[PDB]
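Text of input.cif (mmCIF, C-alpha atoms and all ligand atoms) as supplied:
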data_structure
loop_
_atom_site.group_PDB
_atom_site.id
_atom_site.type_symbol
_atom_site.label_atom_id
_atom_site.label_comp_id
_atom_site.auth_asym_id
_atom_site.auth_seq_id
_atom_site.Cartn_x
_atom_site.Cartn_y
_atom_site.Cartn_z
ATOM 1 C CA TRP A 1 -9.900 -26.462 -156.171
ATOM 2 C CA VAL A 2 -11.424 -29.976 -156.464
ATOM 3 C CA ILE A 3 -10.637 -33.663 -155.872
ATOM 4 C CA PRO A 4 -9.970 -34.794 -159.517
ATOM 5 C CA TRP B 1 -18.801 -28.018 -178.497
ATOM 6 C CA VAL B 2 -20.953 -25.410 -176.675
ATOM 7 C CA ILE B 3 -22.336 -21.870 -177.019
ATOM 8 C CA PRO B 4 -19.916 -19.978 -174.658
ATOM 9 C CA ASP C 6 -19.159 -12.720 -181.267
ATOM 10 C CA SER C 7 -21.087 -15.814 -182.572
ATOM 11 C CA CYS C 8 -18.218 -18.321 -181.803
ATOM 12 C CA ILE C 9 -18.692 -21.963 -180.679
ATOM 13 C CA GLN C 10 -16.293 -23.260 -178.012
ATOM 14 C CA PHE C 11 -14.566 -26.668 -177.564
ATOM 15 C CA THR C 12 -14.841 -27.315 -173.772
ATOM 16 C CA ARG C 13 -11.803 -29.690 -173.538
ATOM 17 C CA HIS C 14 -9.457 -27.587 -175.785
ATOM 18 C CA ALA C 15 -7.474 -25.797 -173.001
ATOM 19 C CA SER C 16 -6.987 -29.082 -171.047
ATOM 20 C CA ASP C 17 -5.912 -30.940 -174.276
ATOM 21 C CA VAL C 18 -3.386 -28.136 -175.074
ATOM 22 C CA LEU C 19 -1.896 -28.335 -171.539
ATOM 23 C CA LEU C 20 -1.727 -32.175 -171.692
ATOM 24 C CA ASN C 21 0.192 -31.894 -175.020
ATOM 25 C CA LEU C 22 2.545 -29.221 -173.578
ATOM 26 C CA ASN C 23 3.253 -31.651 -170.689
ATOM 27 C CA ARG C 24 3.982 -34.491 -173.233
ATOM 28 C CA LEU C 25 6.493 -32.176 -174.985
ATOM 29 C CA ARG C 26 8.108 -31.447 -171.572
ATOM 30 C CA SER C 27 8.317 -35.230 -170.760
ATOM 31 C CA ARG C 28 10.044 -35.923 -174.125
ATOM 32 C CA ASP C 29 12.251 -32.771 -173.759
ATOM 33 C CA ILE C 30 10.839 -31.307 -177.014
ATOM 34 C CA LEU C 31 11.383 -27.574 -177.695
ATOM 35 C CA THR C 32 12.274 -26.889 -173.995
ATOM 36 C CA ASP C 33 14.227 -23.601 -174.095
ATOM 37 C CA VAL C 34 15.369 -23.057 -170.513
ATOM 38 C CA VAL C 35 16.907 -24.827 -167.516
ATOM 39 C CA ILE C 36 15.772 -23.712 -164.022
ATOM 40 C CA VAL C 37 18.524 -24.422 -161.453
ATOM 41 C CA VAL C 38 17.358 -25.000 -157.841
ATOM 42 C CA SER C 39 19.994 -25.894 -155.172
ATOM 43 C CA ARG C 40 22.022 -27.799 -157.926
ATOM 44 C CA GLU C 41 18.852 -29.603 -159.217
ATOM 45 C CA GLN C 42 18.049 -28.823 -162.858
ATOM 46 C CA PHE C 43 14.565 -28.613 -164.412
ATOM 47 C CA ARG C 44 13.991 -28.205 -168.171
ATOM 48 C CA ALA C 45 10.866 -26.287 -169.238
ATOM 49 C CA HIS C 46 9.217 -24.017 -171.805
ATOM 50 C CA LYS C 47 9.633 -20.283 -171.037
ATOM 51 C CA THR C 48 6.062 -19.537 -172.264
ATOM 52 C CA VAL C 49 4.442 -22.064 -169.906
ATOM 53 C CA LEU C 50 6.518 -20.752 -166.947
ATOM 54 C CA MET C 51 5.418 -17.162 -167.801
ATOM 55 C CA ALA C 52 1.747 -18.226 -168.190
ATOM 56 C CA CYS C 53 1.814 -19.722 -164.625
ATOM 57 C CA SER C 54 4.131 -17.494 -162.578
ATOM 58 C CA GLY C 55 4.398 -13.745 -161.971
ATOM 59 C CA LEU C 56 8.132 -14.199 -161.277
ATOM 60 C CA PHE C 57 8.848 -15.982 -164.628
ATOM 61 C CA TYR C 58 6.601 -13.481 -166.428
ATOM 62 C CA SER C 59 8.807 -10.586 -165.108
ATOM 63 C CA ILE C 60 12.069 -12.520 -165.848
ATOM 64 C CA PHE C 61 11.291 -13.444 -169.452
ATOM 65 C CA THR C 62 9.781 -10.016 -170.386
ATOM 66 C CA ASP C 63 13.104 -8.439 -169.320
ATOM 67 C CA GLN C 64 15.098 -7.485 -172.490
ATOM 68 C CA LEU C 65 18.352 -9.087 -171.156
ATOM 69 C CA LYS C 66 16.996 -12.111 -169.259
ATOM 70 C CA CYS C 67 14.536 -13.188 -172.037
ATOM 71 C CA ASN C 68 17.678 -14.514 -173.858
ATOM 72 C CA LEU C 69 19.138 -16.576 -170.993
ATOM 73 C CA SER C 70 19.060 -20.410 -171.319
ATOM 74 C CA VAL C 71 19.790 -20.876 -167.571
ATOM 75 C CA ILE C 72 17.932 -19.260 -164.611
ATOM 76 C CA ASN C 73 19.234 -19.746 -161.058
ATOM 77 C CA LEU C 74 16.627 -19.565 -158.297
ATOM 78 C CA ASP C 75 17.275 -18.158 -154.784
ATOM 79 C CA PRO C 76 19.249 -20.742 -152.666
ATOM 80 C CA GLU C 77 16.450 -20.819 -150.048
ATOM 81 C CA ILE C 78 14.163 -22.486 -152.661
ATOM 82 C CA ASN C 79 13.618 -26.195 -152.052
ATOM 83 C CA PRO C 80 13.960 -28.408 -155.216
ATOM 84 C CA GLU C 81 11.025 -30.679 -154.204
ATOM 85 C CA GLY C 82 8.730 -27.649 -153.691
ATOM 86 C CA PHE C 83 9.782 -26.387 -157.137
ATOM 87 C CA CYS C 84 9.251 -29.828 -158.779
ATOM 88 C CA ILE C 85 5.651 -30.049 -157.307
ATOM 89 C CA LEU C 86 4.877 -26.546 -158.643
ATOM 90 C CA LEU C 87 6.428 -27.238 -162.069
ATOM 91 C CA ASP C 88 4.196 -30.380 -162.266
ATOM 92 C CA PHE C 89 1.181 -28.200 -161.272
ATOM 93 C CA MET C 90 1.984 -25.670 -164.036
ATOM 94 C CA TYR C 91 1.868 -28.406 -166.698
ATOM 95 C CA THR C 92 -1.060 -30.494 -165.302
ATOM 96 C CA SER C 93 -3.351 -28.313 -162.994
ATOM 97 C CA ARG C 94 -2.650 -31.013 -160.318
ATOM 98 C CA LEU C 95 -0.991 -30.050 -157.047
ATOM 99 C CA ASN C 96 0.604 -32.805 -154.910
ATOM 100 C CA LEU C 97 -0.023 -31.026 -151.574
ATOM 101 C CA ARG C 98 0.878 -33.059 -148.447
ATOM 102 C CA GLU C 99 1.469 -32.359 -144.720
ATOM 103 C CA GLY C 100 5.218 -33.011 -145.293
ATOM 104 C CA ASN C 101 5.608 -30.567 -148.195
ATOM 105 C CA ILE C 102 2.966 -27.806 -147.621
ATOM 106 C CA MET C 103 5.417 -25.310 -146.022
ATOM 107 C CA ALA C 104 8.028 -25.707 -148.857
ATOM 108 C CA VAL C 105 5.236 -25.590 -151.524
ATOM 109 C CA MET C 106 3.695 -22.362 -150.074
ATOM 110 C CA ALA C 107 7.138 -20.646 -149.731
ATOM 111 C CA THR C 108 7.994 -21.611 -153.356
ATOM 112 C CA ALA C 109 4.536 -20.437 -154.656
ATOM 113 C CA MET C 110 5.002 -17.064 -152.841
ATOM 114 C CA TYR C 111 8.459 -16.605 -154.453
ATOM 115 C CA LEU C 112 7.155 -17.726 -157.912
ATOM 116 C CA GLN C 113 4.040 -15.480 -157.485
ATOM 117 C CA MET C 114 1.443 -18.242 -158.099
ATOM 118 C CA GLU C 115 -1.475 -16.644 -156.196
ATOM 119 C CA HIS C 116 -4.011 -19.514 -156.491
ATOM 120 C CA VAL C 117 -1.471 -22.027 -155.041
ATOM 121 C CA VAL C 118 -0.609 -19.584 -152.187
ATOM 122 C CA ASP C 119 -4.401 -19.297 -151.461
ATOM 123 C CA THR C 120 -5.072 -23.083 -151.153
ATOM 124 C CA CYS C 121 -1.874 -23.547 -149.011
ATOM 125 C CA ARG C 122 -3.045 -20.778 -146.642
ATOM 126 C CA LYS C 123 -6.511 -22.444 -146.357
ATOM 127 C CA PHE C 124 -5.077 -25.985 -145.825
ATOM 128 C CA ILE C 125 -2.689 -24.637 -143.106
ATOM 129 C CA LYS C 126 -5.565 -22.710 -141.378
ATOM 130 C CA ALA C 127 -7.687 -25.945 -141.259
ATOM 131 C CA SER C 128 -4.854 -27.812 -139.389
ATOM 132 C CA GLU C 129 -4.383 -25.127 -136.632
ATOM 133 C CA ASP D 6 -2.145 -39.938 -156.477
ATOM 134 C CA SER D 7 -3.698 -37.702 -153.724
ATOM 135 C CA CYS D 8 -3.435 -34.423 -155.796
ATOM 136 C CA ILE D 9 -5.943 -31.515 -155.680
ATOM 137 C CA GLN D 10 -6.769 -29.830 -159.001
ATOM 138 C CA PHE D 11 -7.359 -26.142 -159.922
ATOM 139 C CA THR D 12 -10.345 -26.299 -162.358
ATOM 140 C CA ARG D 13 -9.564 -22.983 -164.180
ATOM 141 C CA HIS D 14 -5.752 -23.569 -164.494
ATOM 142 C CA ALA D 15 -5.681 -24.853 -168.132
ATOM 143 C CA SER D 16 -8.009 -22.021 -169.321
ATOM 144 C CA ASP D 17 -5.906 -19.380 -167.412
ATOM 145 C CA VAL D 18 -2.678 -20.767 -169.007
ATOM 146 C CA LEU D 19 -4.216 -20.580 -172.523
ATOM 147 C CA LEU D 20 -5.542 -17.024 -171.889
ATOM 148 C CA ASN D 21 -1.993 -15.959 -170.834
ATOM 149 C CA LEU D 22 -0.436 -17.668 -173.903
ATOM 150 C CA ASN D 23 -2.914 -15.674 -176.055
ATOM 151 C CA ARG D 24 -1.881 -12.400 -174.244
ATOM 152 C CA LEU D 25 1.785 -13.193 -175.061
ATOM 153 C CA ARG D 26 0.779 -13.773 -178.727
ATOM 154 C CA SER D 27 -1.150 -10.413 -178.824
ATOM 155 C CA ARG D 28 1.915 -8.540 -177.452
ATOM 156 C CA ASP D 29 4.298 -10.561 -179.727
ATOM 157 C CA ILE D 30 6.200 -11.905 -176.675
ATOM 158 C CA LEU D 31 8.488 -14.939 -177.172
ATOM 159 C CA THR D 32 6.821 -15.816 -180.549
ATOM 160 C CA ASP D 33 9.414 -17.984 -182.340
ATOM 161 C CA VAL D 34 7.927 -18.613 -185.778
ATOM 162 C CA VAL D 35 6.154 -16.901 -188.678
ATOM 163 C CA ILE D 36 3.539 -18.940 -190.612
ATOM 164 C CA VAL D 37 3.233 -17.627 -194.198
ATOM 165 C CA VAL D 38 -0.157 -18.172 -195.916
ATOM 166 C CA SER D 39 -0.676 -16.756 -199.465
ATOM 167 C CA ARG D 40 1.678 -13.771 -198.534
ATOM 168 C CA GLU D 41 -0.140 -13.196 -195.168
ATOM 169 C CA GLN D 42 2.127 -13.616 -192.136
ATOM 170 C CA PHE D 43 1.094 -14.938 -188.704
ATOM 171 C CA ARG D 44 3.435 -14.911 -185.679
ATOM 172 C CA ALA D 45 2.979 -17.711 -183.123
ATOM 173 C CA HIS D 46 4.592 -19.990 -180.541
ATOM 174 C CA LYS D 47 5.824 -23.318 -181.994
ATOM 175 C CA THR D 48 4.731 -25.213 -178.828
ATOM 176 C CA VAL D 49 1.125 -23.974 -179.013
ATOM 177 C CA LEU D 50 0.944 -24.819 -182.760
ATOM 178 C CA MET D 51 2.271 -28.353 -182.000
ATOM 179 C CA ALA D 52 -0.173 -28.795 -179.068
ATOM 180 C CA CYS D 53 -3.132 -28.012 -181.430
ATOM 181 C CA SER D 54 -2.183 -29.435 -184.835
ATOM 182 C CA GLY D 55 -0.929 -32.810 -186.075
ATOM 183 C CA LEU D 56 0.741 -31.024 -189.016
ATOM 184 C CA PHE D 57 2.734 -28.574 -186.792
ATOM 185 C CA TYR D 58 3.550 -31.428 -184.397
ATOM 186 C CA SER D 59 5.186 -33.376 -187.315
ATOM 187 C CA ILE D 60 6.940 -30.207 -188.660
ATOM 188 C CA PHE D 61 8.517 -29.085 -185.389
ATOM 189 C CA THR D 62 9.578 -32.624 -184.268
ATOM 190 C CA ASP D 63 11.553 -32.896 -187.538
ATOM 191 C CA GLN D 64 15.311 -32.432 -186.759
ATOM 192 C CA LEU D 65 15.793 -29.910 -189.647
ATOM 193 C CA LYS D 66 12.464 -28.041 -189.596
ATOM 194 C CA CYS D 67 12.378 -27.591 -185.760
ATOM 195 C CA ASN D 68 15.028 -24.838 -186.347
ATOM 196 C CA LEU D 69 13.180 -22.872 -189.050
ATOM 197 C CA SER D 70 11.820 -19.391 -188.126
ATOM 198 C CA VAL D 71 9.560 -19.303 -191.238
ATOM 199 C CA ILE D 72 7.056 -21.993 -192.385
ATOM 200 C CA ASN D 73 5.275 -21.626 -195.738
ATOM 201 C CA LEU D 74 1.867 -23.288 -195.997
ATOM 202 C CA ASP D 75 0.462 -24.882 -199.196
ATOM 203 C CA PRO D 76 -0.772 -22.115 -201.622
ATOM 204 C CA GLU D 77 -4.307 -23.599 -201.606
ATOM 205 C CA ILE D 78 -4.631 -22.575 -197.906
ATOM 206 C CA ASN D 79 -6.862 -19.550 -197.362
ATOM 207 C CA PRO D 80 -5.399 -16.892 -194.948
ATOM 208 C CA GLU D 81 -8.812 -16.185 -193.320
ATOM 209 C CA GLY D 82 -9.374 -19.919 -192.645
ATOM 210 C CA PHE D 83 -5.893 -20.064 -191.084
ATOM 211 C CA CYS D 84 -6.490 -16.901 -188.972
ATOM 212 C CA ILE D 85 -9.808 -18.384 -187.568
ATOM 213 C CA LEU D 86 -7.988 -21.630 -186.667
ATOM 214 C CA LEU D 87 -4.991 -19.817 -185.132
ATOM 215 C CA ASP D 88 -7.500 -17.843 -182.963
ATOM 216 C CA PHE D 89 -9.173 -21.178 -182.008
ATOM 217 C CA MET D 90 -5.800 -22.679 -180.981
ATOM 218 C CA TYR D 91 -5.169 -19.817 -178.533
ATOM 219 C CA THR D 92 -8.764 -19.335 -177.216
ATOM 220 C CA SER D 93 -10.872 -22.601 -177.695
ATOM 221 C CA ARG D 94 -13.320 -20.330 -179.644
ATOM 222 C CA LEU D 95 -14.109 -21.079 -183.277
ATOM 223 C CA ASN D 96 -15.660 -18.313 -185.433
ATOM 224 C CA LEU D 97 -17.588 -20.722 -187.706
ATOM 225 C CA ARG D 98 -19.948 -19.048 -190.226
ATOM 226 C CA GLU D 99 -21.814 -20.063 -193.422
ATOM 227 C CA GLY D 100 -19.360 -17.883 -195.430
ATOM 228 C CA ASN D 101 -16.184 -19.448 -194.011
ATOM 229 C CA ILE D 102 -17.110 -23.088 -193.100
ATOM 230 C CA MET D 103 -15.669 -24.625 -196.319
ATOM 231 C CA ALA D 104 -12.293 -22.753 -195.973
ATOM 232 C CA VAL D 105 -12.183 -23.531 -192.190
ATOM 233 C CA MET D 106 -12.829 -27.297 -192.731
ATOM 234 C CA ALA D 107 -10.236 -27.527 -195.585
ATOM 235 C CA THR D 108 -7.645 -25.712 -193.393
ATOM 236 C CA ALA D 109 -8.448 -27.936 -190.321
ATOM 237 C CA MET D 110 -8.036 -31.092 -192.502
ATOM 238 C CA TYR D 111 -4.618 -29.858 -193.748
ATOM 239 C CA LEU D 112 -3.543 -28.793 -190.194
ATOM 240 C CA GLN D 113 -4.869 -32.134 -188.774
ATOM 241 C CA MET D 114 -7.172 -30.578 -186.122
ATOM 242 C CA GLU D 115 -9.629 -33.501 -185.790
ATOM 243 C CA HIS D 116 -12.152 -31.878 -183.391
ATOM 244 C CA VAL D 117 -12.556 -28.838 -185.729
ATOM 245 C CA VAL D 118 -12.968 -31.170 -188.770
ATOM 246 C CA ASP D 119 -15.699 -33.064 -186.783
ATOM 247 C CA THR D 120 -17.836 -29.970 -185.924
ATOM 248 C CA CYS D 121 -17.478 -28.630 -189.545
ATOM 249 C CA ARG D 122 -18.697 -31.988 -190.920
ATOM 250 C CA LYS D 123 -21.708 -31.918 -188.511
ATOM 251 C CA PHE D 124 -22.590 -28.241 -189.273
ATOM 252 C CA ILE D 125 -22.401 -28.954 -193.064
ATOM 253 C CA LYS D 126 -24.584 -32.127 -192.688
ATOM 254 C CA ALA D 127 -27.274 -30.078 -190.805
ATOM 255 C CA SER D 128 -27.520 -27.573 -193.752
ATOM 256 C CA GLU D 129 -28.014 -30.264 -196.499
HETATM 257 O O1 LIG A 201 -0.362 -15.694 -159.788
HETATM 258 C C1 LIG A 201 0.035 -15.304 -160.885
HETATM 259 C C2 LIG A 201 0.072 -16.102 -162.172
HETATM 260 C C3 LIG A 201 0.600 -15.115 -163.172
HETATM 261 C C4 LIG A 201 0.874 -15.222 -164.530
HETATM 262 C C5 LIG A 201 1.385 -14.121 -165.221
HETATM 263 N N1 LIG A 201 1.389 -14.253 -166.627
HETATM 264 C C6 LIG A 201 0.954 -13.388 -167.588
HETATM 265 N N2 LIG A 201 0.170 -12.359 -167.198
HETATM 266 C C7 LIG A 201 -0.298 -11.571 -168.173
HETATM 267 N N3 LIG A 201 -0.076 -11.675 -169.482
HETATM 268 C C8 LIG A 201 0.686 -12.707 -169.852
HETATM 269 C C9 LIG A 201 1.220 -13.606 -168.944
HETATM 270 CL CL1 LIG A 201 2.231 -14.887 -169.504
HETATM 271 C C10 LIG A 201 1.536 -12.897 -164.560
HETATM 272 C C11 LIG A 201 1.270 -12.783 -163.199
HETATM 273 C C12 LIG A 201 0.822 -13.911 -162.513
HETATM 274 N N4 LIG A 201 0.492 -14.054 -161.161
HETATM 275 O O1 LIG A 202 -6.137 -33.316 -184.113
HETATM 276 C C1 LIG A 202 -4.995 -33.327 -183.656
HETATM 277 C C2 LIG A 202 -4.423 -32.379 -182.622
HETATM 278 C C3 LIG A 202 -3.026 -32.892 -182.423
HETATM 279 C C4 LIG A 202 -1.983 -32.460 -181.612
HETATM 280 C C5 LIG A 202 -0.760 -33.134 -181.642
HETATM 281 N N1 LIG A 202 0.138 -32.780 -180.611
HETATM 282 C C6 LIG A 202 0.861 -33.574 -179.771
HETATM 283 N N2 LIG A 202 0.522 -34.880 -179.694
HETATM 284 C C7 LIG A 202 1.203 -35.615 -178.807
HETATM 285 N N3 LIG A 202 2.182 -35.215 -177.997
HETATM 286 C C8 LIG A 202 2.493 -33.919 -178.073
HETATM 287 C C9 LIG A 202 1.853 -33.046 -178.937
HETATM 288 CL CL1 LIG A 202 2.347 -31.394 -179.003
HETATM 289 C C10 LIG A 202 -0.623 -34.288 -182.424
HETATM 290 C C11 LIG A 202 -1.660 -34.723 -183.243
HETATM 291 C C12 LIG A 202 -2.851 -33.999 -183.246
HETATM 292 N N4 LIG A 202 -4.025 -34.226 -183.973
HETATM 293 CL CL CL A 203 -1.513 -20.374 -159.272
HETATM 294 CL CL CL A 204 -9.068 -29.643 -182.931
#
Once more with this new file: its structure as structure tokens, please.
Amino acid sequence: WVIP
Amino acid sequence: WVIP
Amino acid sequence: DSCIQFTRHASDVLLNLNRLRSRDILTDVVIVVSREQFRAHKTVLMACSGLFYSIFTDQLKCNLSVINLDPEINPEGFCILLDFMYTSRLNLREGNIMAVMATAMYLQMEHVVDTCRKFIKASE
Amino acid sequence: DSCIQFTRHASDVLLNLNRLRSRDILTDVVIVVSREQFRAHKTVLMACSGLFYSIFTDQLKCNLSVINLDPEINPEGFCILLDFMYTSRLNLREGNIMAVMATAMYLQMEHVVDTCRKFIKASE
């Protein structure tokens, strides 16, 4: 999971 | 395009 | 093999599937949640959820145009997960995390369940 | 928004759509090419091709279970492109590049047309  |  | 690969292909496909959903094009099922209705594509639901995969591979249920979810399922939690299925983006917030995790467990969306568990553990 | 994003989601969705195609699950159309038949999902074809997008948004054609392609279309070129649609991998070779480019132009798959043009230009 990432900060888009 | 890339070499997978 | 000796194939070449287009890096952005999968993302472009998903973006186009979401545009078809927005415009209600070729949607083939209605998911009913506590009298809230959500139109979708059976194949996308199956590709994202172990529960929809089991439902639409069943010889009788594969032909249903309406699926009713368990009454304990929260429509907002479902809406956030349906958006995730079509975009890869999860709108996870303090006010919805419990409903989102419970819905992801029921839908069998293991990666969503994992990040909810981690975000909850960080707040304790 | 304040969304989080699962990097591998789009690729995982496409991989699952390809597994459904392999097992012939929920395929809703047959594409006929020079008496060679290919089963697929209308939504995936539309997400990848400007030609299938136009065909399946047409009020009469959206309901067809069989689509016949132009007789000049090569079945191998189509097969390579259908595989690309479901995997992001293009099996481009000296022996098939002309058929692949001609099929991608007809199907309106602009990124495939682009790499074929570049690979042809490098060989001249
Ligand atoms: O967490 C998850 C996400 C998910 C998706 C599916 N889908 C499929 N699996 C295998 N072949 C085709 C399909 Cl469509 C099954 C189980 C789970 N569990
Ligand atoms: O090269 C290409 C690839 C491609 C895909 C599509 N598909 C869609 N476009 C917009 N909203 C939904 C969909 Cl399904 C249309 C044109 C082209 N041209
Ligand atoms: Cl997931
Ligand atoms: Cl393309």
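Residues with any atom within 12 Å of residue 128 in chain C, counting all atoms listed in the file and excluding same-chain neighbours fewer than 4 positions away, are residues 98, 99, 102, 121, 122, 123 and 124 of chain C.
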Saved selection, atoms kept: C-alpha atoms, as a PDB file, in the coordinates of the input:
ATOM      1  CA  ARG C  98       0.878 -33.059-148.447  1.00  0.00           C
ATOM      2  CA  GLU C  99       1.469 -32.359-144.720  1.00  0.00           C
ATOM      3  CA  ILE C 102       2.966 -27.806-147.621  1.00  0.00           C
ATOM      4  CA  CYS C 121      -1.874 -23.547-149.011  1.00  0.00           C
ATOM      5  CA  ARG C 122      -3.045 -20.778-146.642  1.00  0.00           C
ATOM      6  CA  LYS C 123      -6.511 -22.444-146.357  1.00  0.00           C
ATOM      7  CA  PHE C 124      -5.077 -25.985-145.825  1.00  0.00           C
TER       8      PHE C 124
END
Quick one: residues within 12 Å of residue 67 in chain D, only C-alpha atoms, excluding same-chain residues fewer than 4 positions away - as a VMD selection string? (chain C and resid 30 to 32) or (chain D and resid 33 to 34 47 to 48 51 57 to 63 71 to 72)
At a cut-off of 9 Å, list the chain D residues touching chain A, using all atoms listed in the file, as a VMD selection string. chain D and resid 7 to 13
To one decimal in Å, tell me the separation between CA of residue 44 in chain C and atom CL1 of ligand LIG 202 (chain A). 16.2 Å
Top pick for closest residue to ligand CL 203 (chain A), considering C:114, C:127, C:52, C:97 and counting all atoms listed in the file: C:114
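Note that the spacing between CA of residue 19 in chain D and CA of residue 109 in chain C amounts to 19.9 Å.
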Could you report the residues within 9 Å of ligand LIG 201 (chain A), using only C-alpha atoms and all ligand atoms, as an MDAnalysis selection string? (chainID C and resid 48:59 109:110 112:118) or (chainID D and resid 17:18 20:26 28 30)
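Going from CA of residue 95 in chain D over to CA of residue 91 in chain C, you cover 24.2 Å.
Using all atoms listed in the file, the smallest distance between any of C:78, C:125, C:90, C:104 and chain D comes from C:90.
For the residues C:119, C:75, C:41, C:81, ranking by smallest atom-to-atom distance to chain D using all atoms listed in the file places C:119 first.
Restricting the calculation to all atoms listed in the file, the smallest distance between ligand CL 204 (chain A) and any of C:15, C:93, C:105, C:111 is found for C:15.
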Atom completion result for chain A (N, CA, C and O atoms) as an mmCIF file, in the frame of the given file:
data_model
loop_
_atom_site.group_PDB
_atom_site.id
_atom_site.type_symbol
_atom_site.label_atom_id
_atom_site.label_comp_id
_atom_site.auth_asym_id
_atom_site.auth_seq_id
_atom_site.Cartn_x
_atom_site.Cartn_y
_atom_site.Cartn_z
ATOM 1 N N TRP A 1 -10.630 -25.209 -156.286
ATOM 2 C CA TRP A 1 -9.900 -26.462 -156.171
ATOM 3 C C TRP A 1 -10.868 -27.617 -155.939
ATOM 4 O O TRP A 1 -11.876 -27.454 -155.241
ATOM 5 N N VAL A 2 -10.576 -28.775 -156.542
ATOM 6 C CA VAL A 2 -11.424 -29.976 -156.464
ATOM 7 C C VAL A 2 -10.567 -31.227 -156.254
ATOM 8 O O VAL A 2 -9.349 -31.207 -156.482
ATOM 9 N N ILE A 3 -11.234 -32.335 -155.915
ATOM 10 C CA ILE A 3 -10.637 -33.663 -155.872
ATOM 11 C C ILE A 3 -10.853 -34.178 -157.318
ATOM 12 O O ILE A 3 -12.005 -34.381 -157.713
ATOM 13 N N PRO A 4 -9.783 -34.343 -158.123
ATOM 14 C CA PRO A 4 -9.970 -34.794 -159.517
ATOM 15 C C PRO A 4 -10.434 -36.247 -159.612
ATOM 16 O O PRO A 4 -10.046 -37.065 -158.773
#
